Each structure stands twice: as C-alpha cells, then as structure tokens.
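Consider the single chain below, provided in structure tokens and representing the form solved without this ligand.
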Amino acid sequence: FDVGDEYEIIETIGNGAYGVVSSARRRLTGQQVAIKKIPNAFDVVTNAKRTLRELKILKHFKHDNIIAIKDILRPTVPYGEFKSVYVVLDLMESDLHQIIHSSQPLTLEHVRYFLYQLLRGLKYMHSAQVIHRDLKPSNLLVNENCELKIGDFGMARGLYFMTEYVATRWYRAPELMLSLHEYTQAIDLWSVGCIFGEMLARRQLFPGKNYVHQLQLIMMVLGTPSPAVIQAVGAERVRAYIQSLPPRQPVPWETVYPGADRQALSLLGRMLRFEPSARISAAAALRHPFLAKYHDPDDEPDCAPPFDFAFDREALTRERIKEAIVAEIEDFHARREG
C-alpha cells in the first residue's frame, strides 16, 4: 500500500480479481474508511475498462444504499510511473452472505428491511438505466447500524454474445442462461428473488453444480417453461434438453418454503419467473404489502439524468484508458471546489 500521511491502514478485509480492499481511518478527522488499491490498474485492457466503468458509475450515483466514493488519491509519482490507483470508499461491517450464513440473527423483520433497502437502491439504479447484472449476497454490504449498500459495479451494463457467462451461476437469470434476446433491468429482479429466498431459508435457492443442473433445480420449482420461451432459446442443445424432460407444474412457494411468511412468498413469486416481462420491477416491488412498513415514495428517489455507457463501447488502448481514468481523478477533485 501507499496512501501517504492523510490515511492510516488497519487490516485487509477483501480481495478479488481486480481489487484489494482494506480498512483505514483519516488522520485529520479520525473517521473510519475503506481504501481499495487497484494494483497495476493499466496493465490489461479489460481491467482498465472495468476500473473506468466503476469510477464513472459510482461518481454518477448519490444514494444511501449504493456504495459511494469518499476520495480518489491523486498520483504521488510522475504520470509515467503511476501504476496503482487508490479509491477511498464507505466502510461496512460485513456483507449479507456472511450475515445469512452464520449464527447471527435473521428474523423476518431483518429480511423485510434488508430487502426494502436493496430494492430502494435498485429503483434509483434502474431509473438511471444501469443493470447491475451480478447481485448476490456477498455484493450487498452491511454496516453496524443495519444499513445495506450495493457494491461492485464492474459487471454493470446499460440497455453480449456469450450471455450465459454473465454473473455467478446460482443467481444468473434464465434469459442470460438461455440467451432469450431480451436483456433489461429484469435481470436484477431475478437475482433479488434468489437473494430474498436465501434470506427466508438461510440456504441458497438454486445451488447448481453445472449449467444443466442449474436448469434442473429452477425447473423443479417454477415447472417446465412455456413453448413461447422454449422457442426463444438460441442454442439447439439446451432447447433439445428441455423438450426431452417430462411436463411439470409449478410447485407453490407455500410448499417450497413451508414455515415462511405469507406476504413474503407473494412478493417472491412476482420476482422468480421465466419471462422477464412477467417480473415485477423494483419500483412496483417497493409498493408491495410486504414492504408497507418501510415504503415512502418521497424517500425513494429516481436517478436523473441516466448513465451513458457510450464511453465503454469505444475501442481504446491501455494508455488512452489510463488517460481517461486520470481525467476522472482530476474531475472528482475539481467537482469538490464550489
């Protein structure tokens, strides 16, 4: 690490393919933060593009249920030697994966409040025309006061070919799996369904071992998909596999989750569907009786203007992307002078 005399590192808390997250605190004030070192940020084209996407998306959003950038450290060395980017972020106590899968409490009210906040965050996000495409419990961060923030926007796109490799298997929407040529904000609401069902039972809803077994377990609850959907499948082998299986009626959610709440299973049923148009939106989900306790439309804003993904469609070299990223770091600091 290399954060200067402004911050103070404590302990490493997270690590992925393109990020080393660590807790810290600012010395002038004392408040706790998360610093995320992106090492060798400009060495690979895909990694540089993800980095510039996250910076622009997180700079666009200002919402209590979306991770915010608190600061981006400027280059300490001259430009040519600037290899590692440091991003200062909201520090959060844990994530929902850890919360669900532990000896911690998770009563119905926990699920209701967590779900409300996720959906509150998605309403704002979706109004900006941004699909997250990778919502899972481990990307839903939770703080000491039970506030839930959505994080990791590197997979996020707006409104390609190999769609079945978008996201993680267990939370991947059918339309991506089967390539149904209708990819919208609806993708996220499938994932929210899986998250919701996971909180109710404290185990994964559709834990598939492989591509085919993922389709099995989904069809064991939802039943066999309709002929309209079946014909919409692009690959010959998948369509052939579904048609070989016998017809199956949908199992009621009241039987899938026996002891669970009646109003919860109602809203779950509106999320977990084969047809993406058949799924309830985030905005309509907030209007459901299950979330009546927390719902207030004056406290649930949209995002305006929407997010432009045109920058990501450009064919830029590693250096041009480094220039683009450095421009954002400059723009961030220039925006905080008024």
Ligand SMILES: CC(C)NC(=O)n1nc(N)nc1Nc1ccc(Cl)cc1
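By rigid core we mean the largest C-alpha set that fits within 1.5 Å across both forms. Shifts are known only where both forms have a C-alpha. One rule holds for the numbers: they count along the sequence shown, beginning at 1.
**Student:** I want to verify a possible break: how many residues of the deposited sequence sit between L159 and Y160 without any coordinates (none, 1 to 3, 4 to 9, 10 or more)?
**Tutor:** Missing residues, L159 to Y160: 4 to 9.
**Student:** Select between 238 to 246 and 139 to 147 the stretch whose C-alpha atoms have the higher average B-factor in the entry.
**Tutor:** Looking at the record's C-alpha B-factors, the answer is 238 to 246.
**Student:** Regarding 103 to 111 and 249 to 257, which shows the higher C-alpha temperature factor on average in the entry?
**Tutor:** According to the PDB entry, the answer is 249 to 257.
**Student:** From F153, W190, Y86, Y211, which pick has the Cα B-factor that tops the rest in the entry?
**Tutor:** Highest C-alpha B-factor among the listed residues goes to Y211.
**Student:** Have a look at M199, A173, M219, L268 and flag the one whose Cα has the highest B-factor in the entry.
**Tutor:** Comparing C-alpha B-factors across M199, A173, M219, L268, the maximum falls on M219.
**Student:** Comparing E182 with the other modelled residues of its chain, is its CA B-factor in the lowest, middle or highest third?
**Tutor:** Highest third.
**Student:** Using only modelled residues of the chain, where does the Cα B factor of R262 rank: lowest third, middle third or highest third?
**Tutor:** It falls in the top third of the chain.
**Student:** Going by what the PDB entry lists, where does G80 fall on CA B-factor within its chain: lowest, middle or highest third?
**Tutor:** Its C-alpha B-factor belongs to the middle third of this chain's values.
**Student:** Using the B-factors in the PDB entry, rank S226's C-alpha atom against the chain and give the third, lowest, middle or highest.
**Tutor:** Within its chain, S226 is a highest-third residue by C-alpha B-factor, going by the deposited values.
**Student:** Relative to the other modelled residues of the same chain, rank the CA B-factor of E54 and answer lowest, middle or highest third.
**Tutor:** Its C-alpha B-factor, which the entry lists for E54, ranks in the lowest third among residues of this chain.
Keep in mind the form deposited with this ligand bound is missing from the figure; the text below concerns it.
**Student:** Please work out, step by step, whether the site is open or blocked: first superpose the C-alphas near the site so this ligand is positioned as in the bound PDB entry, then count ligand atoms within 2.4 Å of this form's backbone or C-beta atoms (3 or more = blocked).
**Tutor:** Blocked: when this ligand is placed as it sits in the bound PDB entry, 3 or more of its atoms come within 2.4 Å of backbone or C-beta atoms.
**Student:** Evaluate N47 for contact with this ligand in the bound PDB entry, applying a 4.5 angstroms cut-off between non-hydrogen atoms, and reply yes or no.
**Tutor:** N47 belongs to the contact set for this ligand.
**Student:** Any chance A315 has a heavy atom within 4.5 Å of this ligand in the bound PDB entry?
**Tutor:** No - in the bound PDB entry, heavy atoms of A315 and this ligand never come within 4.5 Å of each other.
**Student:** Taking 4.5 angstroms as the cut-off for heavy atoms, does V233 touch this ligand in the bound PDB entry?
**Tutor:** No - in the bound PDB entry, heavy atoms of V233 and this ligand never come within 4.5 Å of each other.
**Student:** Using a 4.5 angstroms cut-off on non-hydrogen atoms, would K36 count as touching this ligand in the bound PDB entry?
**Tutor:** Judged by the heavy-atom cut-off of 4.5 Å, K36 is in contact with this ligand in the bound PDB entry.
**Student:** Note which of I280, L58, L286, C303 lies within 4.5 Å of this ligand in the bound PDB entry, where distance is taken over heavy atoms; exactly one does.
**Tutor:** Here the answer is residue option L58.
**Student:** Identify, from the list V87, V221, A260, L176, the residue with a heavy atom within 4.5 Å of this ligand in the bound PDB entry.
**Tutor:** Exactly one listed residue reaches within 4.5 Å, namely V87.
**Student:** Okay, which stretch from 288 to 296, 50 to 58, 304 to 312, 265 to 273 lines this ligand in the bound PDB entry, with non-hydrogen atoms inside 4.5 Å?
**Tutor:** In the other structure, the partner sits against 50 to 58.
**Student:** 2 Å or more on the CA of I325 between this form and the one not shown, with the rigid core superposed, yes or no?
**Tutor:** Superposed on the core, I325 moves its C-alpha less than 2 Å between this form and the one not shown.
**Student:** Using a rigid core superposition, assess whether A24 undergoes a CA shift of 2 Å or more between this form and the one not shown.
**Tutor:** The answer is no; the displacement is under 2 Å.
**Student:** Closer or farther: the C-alpha atoms of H97 and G16 in the bound PDB entry, versus the form shown, with a change of 3 angstroms or more?
**Tutor:** Closer together, by at least 3 Å.
**Student:** Explain in one word, closer or farther, how the Cα atoms of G16 and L316 are placed in the bound PDB entry relative to this form, where the distance changes by 3 Å or more.
**Tutor:** Their C-alpha distance grows by at least 3 Å in the bound PDB entry.
**Student:** Are there runs of at least three residues between this form and the one not shown whose C-alphas all move 2 Å or more relative to the rigid core, and where are they?
**Tutor:** Shifted segments: 1 to 4, 14 to 20.
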